[PDB]
file entry.txt (compact mmCIF, C-alpha atoms and all ligand atoms)
# COMPACT_ATOMS: atom_id res chain seq x y z
CA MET A 1 87.42 127.10 123.65
CA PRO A 2 86.98 125.07 120.46
CA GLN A 3 89.21 127.55 118.62
CA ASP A 4 91.99 126.19 120.87
CA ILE A 5 91.20 122.47 120.40
CA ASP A 6 92.76 120.28 117.71
CA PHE A 7 92.48 116.50 117.52
CA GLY A 8 95.71 115.72 115.64
CA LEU A 9 93.94 114.78 112.41
CA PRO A 10 95.67 115.76 109.16
CA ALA A 11 94.26 118.54 107.05
CA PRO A 12 92.13 117.24 104.16
CA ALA A 13 94.24 115.61 101.47
CA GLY A 14 91.83 117.13 98.95
CA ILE A 15 88.62 119.05 98.45
CA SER A 16 86.07 118.01 95.84
CA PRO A 17 86.28 120.30 92.77
CA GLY A 18 82.47 120.40 92.64
CA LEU A 19 81.99 122.69 95.66
CA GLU A 20 80.75 125.77 93.80
CA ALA A 21 78.48 123.86 91.39
CA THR A 22 76.98 121.93 94.30
CA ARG A 23 76.45 125.18 96.24
CA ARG A 24 74.17 126.37 93.43
CA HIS A 25 72.27 123.07 93.10
CA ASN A 26 71.79 122.58 96.84
CA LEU A 27 70.54 126.14 97.40
CA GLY A 28 67.85 125.54 94.78
CA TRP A 29 67.11 122.09 96.22
CA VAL A 30 66.49 123.13 99.85
CA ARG A 31 64.26 125.98 98.67
CA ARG A 32 62.34 123.91 96.11
CA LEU A 33 61.68 121.14 98.65
CA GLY A 34 60.46 123.59 101.30
CA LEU A 35 63.21 122.47 103.67
CA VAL A 36 64.61 126.01 103.98
CA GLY A 37 62.52 129.17 103.62
CA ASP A 38 63.47 132.78 102.98
CA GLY A 39 65.00 135.29 105.37
CA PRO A 40 66.51 134.25 108.72
CA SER A 41 66.19 130.53 107.96
CA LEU A 42 67.98 130.96 104.63
CA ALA A 43 70.76 133.14 106.04
CA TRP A 44 71.15 130.69 108.93
CA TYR A 45 71.26 127.68 106.60
CA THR A 46 73.75 129.43 104.30
CA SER A 47 76.02 130.21 107.25
CA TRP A 48 76.42 126.47 107.88
CA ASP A 49 78.11 125.99 104.46
CA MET A 50 76.71 122.56 103.68
CA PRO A 51 78.52 122.59 100.29
CA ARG A 52 81.91 122.89 101.98
CA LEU A 53 81.00 120.07 104.37
CA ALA A 54 80.18 117.91 101.35
CA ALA A 55 83.31 118.89 99.39
CA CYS A 56 85.63 118.47 102.39
CA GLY A 57 83.95 115.40 103.87
CA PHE A 58 83.54 113.59 100.53
CA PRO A 59 86.41 114.73 98.28
CA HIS A 60 85.97 111.68 96.01
CA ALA A 61 82.45 112.79 95.02
CA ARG A 62 82.05 114.51 91.65
CA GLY A 63 79.17 116.14 89.82
CA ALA A 64 75.74 114.84 90.80
CA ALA A 65 77.30 112.61 93.47
CA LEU A 66 78.47 115.70 95.38
CA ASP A 67 74.99 117.21 95.01
CA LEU A 68 73.61 114.11 96.73
CA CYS A 69 76.11 114.50 99.59
CA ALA A 70 75.15 118.13 100.17
CA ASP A 71 71.43 117.41 99.93
CA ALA A 72 71.77 114.48 102.36
CA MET A 73 73.67 116.69 104.83
CA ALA A 74 71.05 119.43 104.43
CA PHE A 75 68.36 116.91 105.40
CA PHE A 76 70.38 115.64 108.38
CA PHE A 77 71.02 119.11 109.82
CA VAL A 78 67.55 120.58 109.22
CA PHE A 79 65.86 117.44 110.61
CA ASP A 80 68.24 117.38 113.61
CA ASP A 81 67.37 120.93 114.62
CA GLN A 82 63.60 120.28 114.59
CA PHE A 83 64.11 118.40 117.87
CA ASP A 84 65.66 121.50 119.54
CA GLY A 85 62.34 122.50 121.05
CA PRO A 86 59.23 120.82 122.50
CA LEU A 87 59.64 117.79 120.21
CA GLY A 88 62.93 116.91 121.96
CA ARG A 89 61.18 116.67 125.34
CA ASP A 90 58.32 114.46 124.08
CA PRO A 91 59.63 110.92 123.48
CA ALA A 92 56.31 109.42 122.37
CA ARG A 93 55.75 112.21 119.84
CA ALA A 94 59.34 111.97 118.59
CA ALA A 95 58.95 108.22 118.10
CA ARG A 96 55.77 108.70 116.06
CA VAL A 97 57.35 111.32 113.80
CA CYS A 98 60.39 109.11 113.31
CA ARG A 99 58.16 106.12 112.51
CA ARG A 100 56.74 108.21 109.64
CA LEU A 101 60.25 108.75 108.27
CA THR A 102 61.18 105.08 108.76
CA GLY A 103 58.23 104.04 106.60
CA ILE A 104 59.86 105.85 103.69
CA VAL A 105 63.01 103.76 104.15
CA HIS A 106 61.11 100.49 103.77
CA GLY A 107 59.02 101.35 100.70
CA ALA A 108 56.08 103.50 101.81
CA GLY A 109 56.67 106.62 99.70
CA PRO A 110 55.17 109.73 101.29
CA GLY A 111 53.01 110.73 98.32
CA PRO A 112 52.38 114.21 96.94
CA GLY A 113 52.12 117.03 99.45
CA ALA A 114 54.14 115.38 102.20
CA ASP A 115 55.98 117.60 104.65
CA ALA A 116 59.35 119.03 103.65
CA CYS A 117 61.37 116.64 105.80
CA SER A 118 59.52 113.58 104.45
CA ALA A 119 59.77 114.86 100.87
CA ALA A 120 63.47 115.72 101.18
CA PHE A 121 64.35 112.37 102.74
CA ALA A 122 62.38 110.46 100.10
CA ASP A 123 64.34 112.27 97.39
CA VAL A 124 67.72 111.60 99.06
CA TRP A 125 66.84 107.95 99.63
CA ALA A 126 65.58 107.36 96.08
CA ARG A 127 68.72 108.94 94.60
CA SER A 128 70.91 106.93 97.00
CA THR A 129 69.51 103.52 96.07
CA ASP A 130 69.21 104.05 92.30
CA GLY A 131 71.69 101.62 90.78
CA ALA A 132 73.17 100.69 94.17
CA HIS A 133 74.25 97.16 95.03
CA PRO A 134 71.53 95.29 97.00
CA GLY A 135 73.93 94.62 99.88
CA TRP A 136 74.50 98.35 100.20
CA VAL A 137 70.75 99.06 100.11
CA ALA A 138 69.94 96.50 102.81
CA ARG A 139 72.70 97.70 105.15
CA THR A 140 72.01 101.40 104.63
CA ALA A 141 68.25 100.91 105.09
CA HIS A 142 68.97 99.50 108.56
CA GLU A 143 71.38 102.37 109.26
CA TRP A 144 68.58 104.86 108.49
CA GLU A 145 66.20 102.93 110.74
CA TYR A 146 68.65 103.22 113.65
CA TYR A 147 69.14 106.96 113.00
CA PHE A 148 65.40 107.69 113.09
CA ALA A 149 64.62 105.37 116.01
CA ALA A 150 67.37 106.80 118.24
CA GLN A 151 65.99 110.34 118.37
CA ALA A 152 63.29 109.52 120.94
CA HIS A 153 65.90 108.02 123.30
CA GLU A 154 67.84 111.28 123.27
CA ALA A 155 64.54 112.88 124.33
CA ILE A 156 64.15 110.35 127.16
CA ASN A 157 67.65 111.24 128.36
CA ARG A 158 66.82 114.96 128.28
CA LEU A 159 63.86 114.33 130.57
CA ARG A 160 66.08 112.29 132.90
CA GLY A 161 68.56 115.17 133.14
CA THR A 162 71.67 113.05 133.74
CA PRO A 163 74.16 111.77 131.14
CA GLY A 164 74.23 108.05 130.60
CA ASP A 165 77.11 105.75 131.27
CA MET A 166 79.62 105.35 128.45
CA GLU A 167 77.95 102.25 127.00
CA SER A 168 74.48 103.83 126.92
CA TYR A 169 75.86 107.13 125.60
CA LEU A 170 77.46 105.26 122.69
CA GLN A 171 74.22 103.38 121.94
CA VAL A 172 72.18 106.59 121.74
CA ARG A 173 74.83 108.93 120.33
CA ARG A 174 75.94 106.59 117.53
CA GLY A 175 72.31 106.36 116.43
CA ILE A 176 71.44 110.05 116.61
CA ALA A 177 74.70 110.92 114.85
CA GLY A 178 73.47 108.95 111.84
CA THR A 179 75.49 105.81 112.64
CA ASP A 180 77.55 104.71 109.63
CA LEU A 181 75.43 106.71 107.16
CA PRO A 182 78.17 109.26 106.27
CA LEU A 183 80.46 106.40 105.25
CA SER A 184 77.72 104.58 103.34
CA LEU A 185 77.07 107.88 101.57
CA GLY A 186 80.76 108.43 100.81
CA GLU A 187 81.07 104.90 99.41
CA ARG A 188 78.04 105.47 97.19
CA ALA A 189 79.22 108.92 96.08
CA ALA A 190 82.67 107.57 95.19
CA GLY A 191 80.97 104.97 92.97
CA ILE A 192 82.66 102.03 94.70
CA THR A 193 81.31 98.82 96.20
CA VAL A 194 83.34 97.43 99.08
CA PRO A 195 83.68 93.64 98.67
CA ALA A 196 81.84 92.02 101.56
CA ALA A 197 84.88 89.87 102.38
CA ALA A 198 86.88 93.07 103.00
CA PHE A 199 84.00 95.08 104.50
CA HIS A 200 83.52 92.52 107.29
CA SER A 201 87.19 91.97 108.09
CA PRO A 202 87.92 92.79 111.76
CA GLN A 203 90.27 95.54 110.57
CA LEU A 204 87.71 97.33 108.40
CA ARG A 205 84.87 96.82 110.88
CA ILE A 206 86.94 98.39 113.67
CA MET A 207 88.11 101.19 111.37
CA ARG A 208 84.54 101.99 110.26
CA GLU A 209 83.38 102.18 113.88
CA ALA A 210 86.43 104.28 114.82
CA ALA A 211 85.91 106.81 112.01
CA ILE A 212 82.25 107.38 112.93
CA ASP A 213 83.15 107.75 116.61
CA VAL A 214 85.88 110.26 115.72
CA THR A 215 83.50 112.63 113.91
CA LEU A 216 80.70 112.49 116.49
CA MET A 217 83.18 113.03 119.34
CA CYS A 218 84.92 115.91 117.56
CA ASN A 219 81.42 117.33 117.10
CA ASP A 220 80.57 116.84 120.79
CA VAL A 221 83.53 119.05 121.77
CA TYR A 222 82.78 121.80 119.25
CA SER A 223 78.98 121.79 119.70
CA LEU A 224 78.86 121.64 123.51
CA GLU A 225 78.04 125.33 123.97
CA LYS A 226 74.84 125.24 121.91
CA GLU A 227 73.82 121.88 123.42
CA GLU A 228 74.51 122.22 127.16
CA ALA A 229 72.07 125.09 127.71
CA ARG A 230 69.30 123.12 125.98
CA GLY A 231 69.52 120.25 128.46
CA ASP A 232 71.13 117.84 125.98
CA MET A 233 72.72 114.84 127.72
CA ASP A 234 74.29 112.76 124.93
CA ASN A 235 77.58 114.62 124.64
CA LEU A 236 80.89 112.90 125.44
CA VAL A 237 82.20 115.83 127.50
CA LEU A 238 79.12 115.74 129.76
CA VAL A 239 79.31 111.94 129.98
CA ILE A 240 82.94 111.99 131.14
CA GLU A 241 82.38 114.85 133.59
CA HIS A 242 79.40 113.02 135.12
CA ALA A 243 81.14 109.64 135.35
CA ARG A 244 84.53 110.83 136.63
CA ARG A 245 83.60 113.76 138.92
CA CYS A 246 86.17 115.92 137.12
CA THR A 247 86.42 119.53 135.96
CA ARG A 248 85.19 120.66 132.55
CA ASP A 249 88.78 121.11 131.36
CA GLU A 250 89.67 117.60 132.54
CA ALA A 251 86.63 116.22 130.69
CA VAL A 252 87.58 118.02 127.46
CA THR A 253 91.13 116.67 127.76
CA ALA A 254 89.76 113.15 128.24
CA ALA A 255 87.44 113.63 125.25
CA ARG A 256 90.43 114.59 123.11
CA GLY A 257 92.14 111.41 124.31
CA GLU A 258 89.14 109.31 123.28
CA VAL A 259 89.43 110.77 119.78
CA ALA A 260 93.21 110.33 119.67
CA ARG A 261 93.09 106.66 120.72
CA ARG A 262 90.61 105.91 117.93
CA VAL A 263 92.69 107.75 115.32
CA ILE A 264 95.76 105.76 116.40
CA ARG A 265 93.80 102.49 116.21
CA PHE A 266 92.43 103.37 112.77
CA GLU A 267 95.87 104.12 111.34
CA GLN A 268 97.42 101.00 112.90
CA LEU A 269 94.76 98.82 111.26
CA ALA A 270 94.96 100.74 107.97
CA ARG A 271 98.54 99.52 107.56
CA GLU A 272 97.22 95.93 107.47
CA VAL A 273 94.73 96.52 104.64
CA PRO A 274 97.01 95.73 101.66
CA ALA A 275 98.03 92.41 103.24
CA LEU A 276 94.41 91.61 104.12
CA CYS A 277 93.35 92.09 100.49
CA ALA A 278 96.15 89.74 99.44
CA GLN A 279 95.12 87.09 101.98
CA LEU A 280 91.57 87.23 100.61
CA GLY A 281 92.80 86.99 97.01
CA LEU A 282 90.86 90.08 95.95
CA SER A 283 91.13 91.19 92.34
CA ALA A 284 93.03 94.34 91.39
CA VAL A 285 89.73 96.19 90.88
CA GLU A 286 88.47 94.97 94.27
CA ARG A 287 91.70 96.18 95.90
CA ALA A 288 91.22 99.54 94.19
CA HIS A 289 87.74 99.85 95.68
CA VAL A 290 89.08 98.90 99.12
CA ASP A 291 91.82 101.51 98.76
CA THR A 292 89.22 104.13 97.86
CA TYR A 293 87.09 103.04 100.84
CA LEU A 294 90.10 103.65 103.08
CA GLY A 295 90.46 107.14 101.63
CA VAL A 296 86.73 107.77 102.05
CA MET A 297 87.01 106.98 105.77
CA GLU A 298 90.19 109.05 106.19
CA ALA A 299 88.61 111.99 104.37
CA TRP A 300 85.39 111.89 106.39
CA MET A 301 87.38 112.26 109.62
CA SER A 302 89.71 115.02 108.40
CA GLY A 303 87.04 116.68 106.27
CA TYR A 304 84.39 116.87 108.99
CA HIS A 305 86.84 118.59 111.34
CA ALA A 306 88.06 121.01 108.65
CA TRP A 307 84.44 122.01 108.01
CA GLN A 308 83.48 122.47 111.66
CA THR A 309 86.35 124.88 112.33
CA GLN A 310 85.11 127.27 109.61
CA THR A 311 81.31 126.94 109.71
CA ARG A 312 79.20 129.47 111.61
CA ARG A 313 76.86 126.80 112.99
CA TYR A 314 78.58 126.25 116.36
CA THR A 315 79.82 129.76 117.12
CA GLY A 316 76.59 131.30 115.81
CA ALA A 317 73.80 129.16 117.28
CA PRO A 318 73.96 130.42 120.90
CA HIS A 319 73.60 134.03 119.67
CA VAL A 320 70.97 133.71 116.92
CA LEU A 321 68.94 130.86 118.49
CA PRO A 322 69.39 131.30 122.26
CA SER A 323 68.40 128.47 124.57
CA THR A 324 65.42 130.51 125.83
CA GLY A 325 63.63 129.65 122.58
CA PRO A 326 63.51 126.89 119.96
CA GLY A 327 66.58 126.01 117.93
CA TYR A 328 64.98 126.91 114.60
CA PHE A 329 63.27 129.89 113.00
CA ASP A 330 60.62 127.84 111.17
CA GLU A 331 58.81 124.62 111.99
CA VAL A 332 59.10 122.27 109.00
CA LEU A 333 58.34 118.93 110.71
CA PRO A 334 54.69 118.29 111.66
CA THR A 335 54.28 116.37 114.91
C1 LIG A 401 73.39 114.03 111.82
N1 LIG A 401 74.10 115.31 112.05
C2 LIG A 401 73.81 116.25 110.94
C3 LIG A 401 73.57 115.93 113.29
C4 LIG A 401 75.61 115.07 112.12
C5 LIG A 401 76.10 114.55 110.74
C6 LIG A 401 77.67 114.43 110.67
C7 LIG A 401 77.75 113.28 111.78
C8 LIG A 401 77.27 113.85 113.19
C9 LIG A 401 78.00 115.15 113.59
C10 LIG A 401 77.91 116.25 112.41
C11 LIG A 401 78.37 115.73 111.05
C12 LIG A 401 76.33 116.38 112.56
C13 LIG A 401 75.93 114.06 113.07
MG MG A 402 71.37 115.67 117.16
MG MG A 403 72.15 118.78 116.97
MG MG A 404 76.66 118.14 118.49
call {"tool": "encode", "arguments": {"input": "entry.txt", "output": "structure tokens", "more": "lines below"}}
Ligand SMILES: C[N+](C)(C)[C@]12C[C@H]3C[C@H](C[C@H](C3)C1)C2
Ligand SMILES: [Mg+2]
Ligand SMILES: [Mg+2]
Ligand SMILES: [Mg+2]
result
Amino acid sequence: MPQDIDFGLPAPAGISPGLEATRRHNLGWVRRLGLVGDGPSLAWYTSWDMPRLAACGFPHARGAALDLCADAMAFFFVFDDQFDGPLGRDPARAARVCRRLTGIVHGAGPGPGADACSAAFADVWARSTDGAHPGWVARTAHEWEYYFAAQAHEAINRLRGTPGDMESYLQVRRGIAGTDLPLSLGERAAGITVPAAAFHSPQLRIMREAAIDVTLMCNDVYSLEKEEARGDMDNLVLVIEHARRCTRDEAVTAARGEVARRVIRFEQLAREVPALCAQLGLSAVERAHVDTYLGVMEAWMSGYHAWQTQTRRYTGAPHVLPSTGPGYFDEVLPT
């Protein structure tokens, strides 16, 4: 059981003080945008506790920056679940819907009266880029493109009905998990700009990749029950079981080891970051932003796991949205 699985990550070093204020803003935001309705959808959304995910996952965010984190997560989760139904078995249709969203990334604003997912994403994206450094905008725009474009490949895999090999699983799963977007968001919400010289060091590139893998793999373990019965194939536990011809328990144990090896690698490289900044001759302010970036990555890993142990999303989904029907109460994404 997930209640008996722990990945060795520390508890969150801090929780953003803006949790309760953001809870109020974000509840109004999802309702105003039409992303979440009234009744079952609202009770189901509330049970996820998106504000606590934002406050635990992004403890550096304050005020309106935490609101952006919660709203961004709300979009990610509501959009994700729209594919838990016929859309997720229709790759060509999924690719067309995701092309609509990708157009918003690259300038084509949806216009008045767009669907709730398009309108919500356009609002998150506009708030994200306002005052952001152009290097951040360019990188994050390509991250969003990968996220949207990957969804149809998860649908292809569902039709195939076998997990991919490890390399192909990582290519699809890193995309559908939102790639580096949670870290780009945390950087933006902390108000920092990572100097490119540090950002592209081998240490920080490996650490960034490791942190994103850690959260999606921790999710794969905790979300397997609601995913397996829907025919989902891009889950690390299923990938290992398929590749190794092992038992479920052996696959879960191996999945935990894949998380642990990445945590160990992250922390080994983190010890080199002060010296790296000195070799590059970064200014004191630049080193401060790098130090915050390190904490943003550490907090995303520990904060995501802290959230997923207390949310009702993973324990609740199989009972309120059984696999015999769609994984949502309301369609909000026109296809
Ligand atoms: C993109 N969604 C919302 C599915 C996730 C965002 C964050 C990173 C992945 C795992 C969970 C936390 C869920 C993906
Ligand atoms: Mg998904
Ligand atoms: Mg999902
Ligand atoms: Mg999952």
call {"tool": "residues_around", "arguments": {"input": "entry.txt", "residues": "residue 128 (chain A)", "least_positions_apart": "6", "cutoff": "10 Å", "atoms": "all atoms listed in the file", "output": "JSON, numbers by chain"}}
result
{"A": [65, 68, 69, 72, 122, 136, 137, 140, 184, 185, 188, 189]}
call {"tool": "closest_residue", "arguments": {"input": "entry.txt", "among": "A:85, A:182, A:107, A:163", "to": "ligand LIG 401 (chain A)", "atoms": "only C-alpha atoms and all ligand atoms"}}
result
A:182
call {"tool": "atom_distance", "arguments": {"input": "entry.txt", "atom1": "CA of residue 59 (chain A)", "atom2": "CA of residue 21 (chain A)"}}
result
13.9 Å
call {"tool": "residues_around", "arguments": {"input": "entry.txt", "residues": "residue 278 (chain A)", "least_positions_apart": "6", "cutoff": "12 Å", "atoms": "all atoms listed in the file", "output": "PDB file with C-alpha atoms, in the coordinates of the input"}}
result
ATOM      1  CA  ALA A 197      84.880  89.870 102.380  1.00  0.00           C
ATOM      2  CA  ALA A 198      86.880  93.070 103.000  1.00  0.00           C
ATOM      3  CA  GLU A 272      97.220  95.930 107.470  1.00  0.00           C
ATOM      4  CA  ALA A 284      93.030  94.340  91.390  1.00  0.00           C
ATOM      5  CA  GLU A 286      88.470  94.970  94.270  1.00  0.00           C
ATOM      6  CA  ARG A 287      91.700  96.180  95.900  1.00  0.00           C
ATOM      7  CA  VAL A 290      89.080  98.900  99.120  1.00  0.00           C
TER       8      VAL A 290
END
call {"tool": "residues_around", "arguments": {"input": "entry.txt", "residues": "residue 155 (chain A)", "least_positions_apart": "6", "cutoff": "10 Å", "atoms": "only C-alpha atoms", "output": "list in words"}}
result
residues 83, 84, 86, 87, 88, 89, 90, 91, 92, 93, 94, 95, 161, 231, 232, 233 and 234 of chain A
call {"tool": "closest_residue", "arguments": {"input": "entry.txt", "among": "A:50, A:317, A:150, A:5", "to": "ligand MG 402 (chain A)", "atoms": "only C-alpha atoms and all ligand atoms"}}
result
A:150
call {"tool": "residues_around", "arguments": {"input": "entry.txt", "residues": "residue 44 (chain A)", "least_positions_apart": "5", "cutoff": "9 Å", "atoms": "all atoms listed in the file", "output": "PyMOL selection string"}}
result
chain A and resi 39+312-313+316-317+320+329
call {"tool": "write_last_selection", "arguments": {"input": "entry.txt", "atoms": "C-alpha atoms", "output": "compact mmCIF listing (two decimals), keeping the file's coordinate frame"}}
result
# COMPACT_ATOMS: atom_id res chain seq x y z
CA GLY A 39 65.00 135.29 105.37
CA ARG A 312 79.20 129.47 111.61
CA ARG A 313 76.86 126.80 112.99
CA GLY A 316 76.59 131.30 115.81
CA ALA A 317 73.80 129.16 117.28
CA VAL A 320 70.97 133.71 116.92
CA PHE A 329 63.27 129.89 113.00
call {"tool": "atom_distance", "arguments": {"input": "entry.txt", "atom1": "CA of residue 218 (chain A)", "atom2": "CA of residue 35 (chain A)"}}
result
26.6 Å
call {"tool": "closest_residue", "arguments": {"input": "entry.txt", "among": "A:11, A:294, A:64, A:260", "to": "residue 25 (chain A)", "atoms": "all atoms listed in the file"}}
result
A:64
call {"tool": "residues_near_ligand", "arguments": {"input": "entry.txt", "ligand": "ligand MG 403 (chain A)", "cutoff": "8 Å", "atoms": "all atoms listed in the file", "output": "NGL selection string"}}
result
:A and (77 or 80-81 or 84 or 223 or 227)
call {"tool": "write_last_selection", "arguments": {"input": "entry.txt", "atoms": "C-alpha atoms", "output": "PDB file, in the frame of the given file"}}
result
ATOM      1  CA  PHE A  77      71.020 119.110 109.820  1.00  0.00           C
ATOM      2  CA  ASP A  80      68.240 117.380 113.610  1.00  0.00           C
ATOM      3  CA  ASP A  81      67.370 120.930 114.620  1.00  0.00           C
ATOM      4  CA  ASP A  84      65.660 121.500 119.540  1.00  0.00           C
ATOM      5  CA  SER A 223      78.980 121.790 119.700  1.00  0.00           C
ATOM      6  CA  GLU A 227      73.820 121.880 123.420  1.00  0.00           C
TER       7      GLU A 227
END
call {"tool": "closest_residue", "arguments": {"input": "entry.txt", "among": "A:49, A:180, A:258, A:228", "to": "ligand MG 404 (chain A)", "atoms": "all atoms listed in the file"}}
result
A:228
call {"tool": "atom_distance", "arguments": {"input": "entry.txt", "atom1": "CA of residue 288 (chain A)", "atom2": "CA of residue 19 (chain A)"}}
result
25.0 Å
call {"tool": "residues_near_ligand", "arguments": {"input": "entry.txt", "ligand": "ligand LIG 401 (chain A)", "cutoff": "10 Å", "atoms": "all atoms listed in the file", "output": "NGL selection string"}}
result
:A and (53 or 57 or 72-81 or 147 or 173-183 or 212-220 or 222-223 or 300-301 or 303-305 or 307-308)
call {"tool": "axis_aligned_box", "arguments": {"input": "entry.txt", "around": "region 209-222 of chain A", "padding_each_side": "5 Å", "output": "AutoDock Vina command-line options"}}
result
--center_x 83.5 --center_y 112.0 --center_z 116.9 --size_x 15.9 --size_y 29.6 --size_z 19.8
call {"tool": "closest_residue", "arguments": {"input": "entry.txt", "among": "A:332, A:270, A:238, A:124", "to": "ligand MG 404 (chain A)", "atoms": "all atoms listed in the file"}}
result
A:238
call {"tool": "residues_near_point", "arguments": {"input": "entry.txt", "point": "(89.8, 121.0, 102.0)", "cutoff": "8 Å", "atoms": "all atoms listed in the file", "output": "compact mmCIF listing (two decimals) with C-alpha atoms, in the frame of the given file"}}
result
# COMPACT_ATOMS: atom_id res chain seq x y z
CA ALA A 11 94.26 118.54 107.05
CA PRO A 12 92.13 117.24 104.16
CA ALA A 13 94.24 115.61 101.47
CA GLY A 14 91.83 117.13 98.95
CA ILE A 15 88.62 119.05 98.45
CA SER A 16 86.07 118.01 95.84
CA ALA A 55 83.31 118.89 99.39
CA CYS A 56 85.63 118.47 102.39
CA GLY A 303 87.04 116.68 106.27
CA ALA A 306 88.06 121.01 108.65
call {"tool": "residues_around", "arguments": {"input": "entry.txt", "residues": "residue 297 (chain A)", "least_positions_apart": "5", "cutoff": "9 Å", "atoms": "only C-alpha atoms", "output": "PDB file with C-alpha atoms, keeping the file's coordinate frame"}}
result
ATOM      1  CA  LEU A 183      80.460 106.400 105.250  1.00  0.00           C
ATOM      2  CA  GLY A 186      80.760 108.430 100.810  1.00  0.00           C
ATOM      3  CA  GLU A 187      81.070 104.900  99.410  1.00  0.00           C
ATOM      4  CA  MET A 207      88.110 101.190 111.370  1.00  0.00           C
ATOM      5  CA  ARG A 208      84.540 101.990 110.260  1.00  0.00           C
ATOM      6  CA  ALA A 211      85.910 106.810 112.010  1.00  0.00           C
ATOM      7  CA  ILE A 212      82.250 107.380 112.930  1.00  0.00           C
ATOM      8  CA  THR A 292      89.220 104.130  97.860  1.00  0.00           C
ATOM      9  CA  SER A 302      89.710 115.020 108.400  1.00  0.00           C
TER      10      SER A 302
END
call {"tool": "closest_residue", "arguments": {"input": "entry.txt", "among": "A:282, A:289, A:324, A:221", "to": "ligand MG 404 (chain A)", "atoms": "only C-alpha atoms and all ligand atoms"}}
result
A:221
